[PDB]
Amino acid sequence: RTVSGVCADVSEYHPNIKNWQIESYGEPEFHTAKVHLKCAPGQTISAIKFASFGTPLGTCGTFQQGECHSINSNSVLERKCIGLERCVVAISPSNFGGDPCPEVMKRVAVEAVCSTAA
């Protein structure tokens, strides 16, 4: 029962920053941006409309390939999304397969399809 539609827009990020906490806490495990996806209680993700980890053009609503693509930005979604009411994927060069295009900014764009339980 198609009845939903979510899209997350994020951009790689991990500048050398050795200073971000002046309290009794610590968490040196965040050198990249994360994607936040989640549907209402009663619906489940079953398919991915688009997913690219390189230089996607357009915006949330009609993304589109640009020129550089890792030809593998869709195999990581079906493996870490479909089958869960919520989806979360960390963008990093250690979760996809090395680096895609060199000398090219890194922008992440994704789109999930939520409907109902199957």
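Here, each number is a calculation from the coordinates, and none is a lab measurement. All Cβ positions, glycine included, derive from the backbone under ideal geometry; neighbour counts span all protein chains shown.
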Report the far tail of the P(r) of region 17-118, meaning the percent of Cα-Cα pairs longer than 20 Å. 47
What percent does the relative contact order of region 2-118 come to when contacts are Cα pairs within less than 8 Å and at least six residues apart? 44
Cβ-based charge dipole, the chain, positive-most Cα from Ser73, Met105, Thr44: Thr44
Above-threshold pairs, the threshold being 29 Å between Cα atoms, out of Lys38/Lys106; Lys80/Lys106; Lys18/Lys49: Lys18/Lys49
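Determine, from the Cβ-Cβ distance of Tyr25 and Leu84 and an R0 of 25 Å, the FRET efficiency 1/(1 + (r/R0)^6), rounded to the nearest 0.05.
The formula returns an efficiency of 0.30 here.
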What residues have an amide H closer than 5 Å to that of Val89, excluding those fewer than 5 places away on the same chain, when H is modeled at 1.01 Å from N in the peptide plane? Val35
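Just rank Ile82, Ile22, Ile71, fewest to most, by other beta-carbon atoms within 10 angstrom.
Ordered by Cβ neighbours within 10 Å, fewest first: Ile22, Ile71, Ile82.
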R0 of 30 Å, Cβ-Cβ distance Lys34-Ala117: FRET efficiency to nearest 0.05: 0.70
HN-Hα couplings for region 92-97 via Karplus (6.51, -1.76, 1.60; θ = phi - 60°), in whole Hz with x for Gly/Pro, come out as 7, x, 10, 10, 10, x
